[PDB]
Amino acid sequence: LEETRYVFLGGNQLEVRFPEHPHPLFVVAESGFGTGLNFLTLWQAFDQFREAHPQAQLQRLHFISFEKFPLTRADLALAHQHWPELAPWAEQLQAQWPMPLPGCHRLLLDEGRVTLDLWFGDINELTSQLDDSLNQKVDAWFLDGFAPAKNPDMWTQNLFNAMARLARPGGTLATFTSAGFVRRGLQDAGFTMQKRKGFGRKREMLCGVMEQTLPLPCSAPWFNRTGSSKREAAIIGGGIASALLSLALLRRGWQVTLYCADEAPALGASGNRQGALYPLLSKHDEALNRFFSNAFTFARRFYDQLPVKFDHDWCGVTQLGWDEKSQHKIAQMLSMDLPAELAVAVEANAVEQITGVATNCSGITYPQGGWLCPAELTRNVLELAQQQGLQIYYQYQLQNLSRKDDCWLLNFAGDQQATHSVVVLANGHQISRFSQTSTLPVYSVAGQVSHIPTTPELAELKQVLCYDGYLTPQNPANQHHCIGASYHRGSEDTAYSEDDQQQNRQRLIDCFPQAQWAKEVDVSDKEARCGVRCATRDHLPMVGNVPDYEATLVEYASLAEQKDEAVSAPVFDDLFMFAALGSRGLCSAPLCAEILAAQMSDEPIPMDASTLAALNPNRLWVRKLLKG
């Protein structure tokens, strides 16, 4: 343990650099996370640092690391037992220890003080897939793992080059090994290397620093994500998206203001009483599946950590093949062989025990999922945000935006205007109401969810059912269930429809004609909540810089043939969008808020270049332009 401190903290001059670090955030990357020893050690060091030097500018730690073969958290725990001194940190690390899914996993520890990005996979396979936003963001490197002798496999020119790419100018690195090919390899990668006495009986150790500013690669500029240098932003919003975002920004030292068109928040699509938390898995869409898996697990972690009162139960969500198409989608999902803590098959006989209700058919189950009250969540997250200093103006409806020299002029309804440095459009299905956004491949889908009274037999239902519509367990606070899914493409109408009311029960009955419990559902009270989803085909949100449609057509007019020498993606200055959350919003919103707030602050974004491109707003125009 003292050798850990020596090698990795000492080798990077961290205890000295910290209090002199002229930035709010410090970024550290690690070739393997192993048992998490190095990270815990560093975390302790960081806490001691903050405790001893409150005046210091550096308030936040960011730690990126890789593990190819993660641990079961039981083994992680009893591994952590060897170092009792670190317990108070390790416990936290365990509390949030992520599920063994591929890709990037963000953990928010110590209420944001310490951010950990765990990438599960082969580090050499993953360096390729890392996002450009990560280039030169790394202040210090822990090059660690099994000794080069006895495991040369990890130590490759690939790795050295990658470390060189991510290390910011003046950034450092340290490793326990003095091995030659490592030194010369790191020198080829562009580091300036120095030997240093090893710890105790061991021999010389290596540490170096990047003493030059290398050229930044920018592989595919049409997809690239830029932030802002300005720290003051306005959000147009009042739904879950805006709330989560505002937390994420305030956390990062942003001065935030929210304008909402309605009297209160959560009167848009986020206004439901009960809504379902679960991932959309795809076997044949890589991005979609990656994103929903990681965003779903992050979502649960986040919701657990979030210090807010909101009705909810994670009771598990069960999805039944009631017919062919469904049985088949389910089948594919089960064919992709995923950890059972994510999704697992359920036979028709087990279905009654698990859901409390007999569907007379098999299905799949997401055990970590459930229902939550989105309206209460949004409302209360916003309240928390105001405490944190969020400035909210209700009844401000944004009519149009104009770009002045250093800012954005916002023109609202009712003769009101504001002026802000940065602007984010969070406003839901109305995202397209502005000239800058009018061409976006998003569309309105109105929908109606019915509020039904609970009954002794329905009270037996322990999980959210997903069939054609969906039926939630009752929320005991109101003694009702939500049952829903009315779907109208192209419709912005929020008016109650008796047709939809009736179709909500109908779908259920139709899916389980033999089931007595289902006949219990009673919509006769004409009670429902209606809202307008903003959707895309491909089913992913649009999060990032608002692209300039015309410029994007003019430039890129060729692309194709001309893919080199291309300009960065044409974009409006300091204008970002968080939108097209679909029907899956409670799942995607937290990690999106993270991705966007990270992007705007020029910090590390917790996701790979591909899935990120899959989330990008200029997506369709760009891929159509790539060919004809």
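Residue indices: 1-based, along the sequence shown.
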So, looking at the entry's B-factor column for Cα atoms, which has the higher mean, 481-489 or 212-220?
212-220
Quick one: higher average CA temperature factor, 309-317 or 349-357?
349-357
Would you mind checking which of 195, 539, 507, 403 has the top Cα temperature factor in the PDB entry?
195
Which of these has the highest Cα B-factor in the record: 494, 421, 388, 187?
187
Can you tell me which third, lowest, middle or highest, the CA B-factor of residue 69 falls into for its chain?
highest
In terms of the chain's CA B-factor thirds, is residue 512 lowest, middle or highest?
middle
Residue 19's Cα B-factor: lowest, middle or highest third of the chain?
middle
Lowest, middle or highest third - CA B-factor, residue 148:
highest
For residue 590, return the chain-relative third of its C-alpha B-factor as stated in the PDB record: lowest, middle or highest.
lowest
